[PDB]
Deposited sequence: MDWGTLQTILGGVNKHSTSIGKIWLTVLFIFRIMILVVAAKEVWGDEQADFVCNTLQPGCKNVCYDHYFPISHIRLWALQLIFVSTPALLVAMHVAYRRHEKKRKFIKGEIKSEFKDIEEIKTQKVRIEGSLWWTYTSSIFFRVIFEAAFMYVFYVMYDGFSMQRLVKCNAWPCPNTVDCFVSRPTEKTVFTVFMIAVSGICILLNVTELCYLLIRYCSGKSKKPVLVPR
């Protein structure tokens, strides 16, 4: 019903393509992705005998796991759609509505652009490495630690980034139509 409640009050591009891609991301996140990151810390392996070196090295290289960045991102970009829907809902039950609608799609592009930026700086590209070298205290000189399932995590990382990039373009095209029509 939440899906069927937001069916109306949109343009042909905004009718479906944004919505189907949004459903696409959630299905990938829930059905498939969350079991890949299930044992991110359980199978983190470091070659040392120092107690506590594993905890600090894992926390240093993964300040926040990918699945929870995407979970945050989905929540943020969902609110402007939801908020405008209920905003127009009670009055129904032109200039102002146009003012709100363009603002609604203006926030989406901001959030997705902001979040794609974070992955790039934080994780230094979209590819995961098999080996990480760690020298934070209490670890001795330098320690080799090994990541769990690096290849599978890369595949979903690329998949999510590419789909997010598509959603940016669709929002932009929706904006330009509303720009020319004024």
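When the deposited sequence is numbered from 1, the segments without any C-alpha atom are 1-7, 101-128, 218-230.
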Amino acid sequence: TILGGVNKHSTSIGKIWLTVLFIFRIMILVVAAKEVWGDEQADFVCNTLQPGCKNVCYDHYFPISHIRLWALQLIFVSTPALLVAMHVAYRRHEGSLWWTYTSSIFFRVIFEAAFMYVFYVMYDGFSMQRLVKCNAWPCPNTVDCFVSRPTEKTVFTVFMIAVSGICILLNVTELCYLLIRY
From here on, numbers count along this sequence of modelled residues.
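Rigid core: the largest C-alpha set superposing within 1.5 Å between the two forms.
Core-fitted comparison in 4 other deposited structures of this protein shows that, between 80-88 and 95-103, the CA atoms farther from the shown form belong to 80-88.
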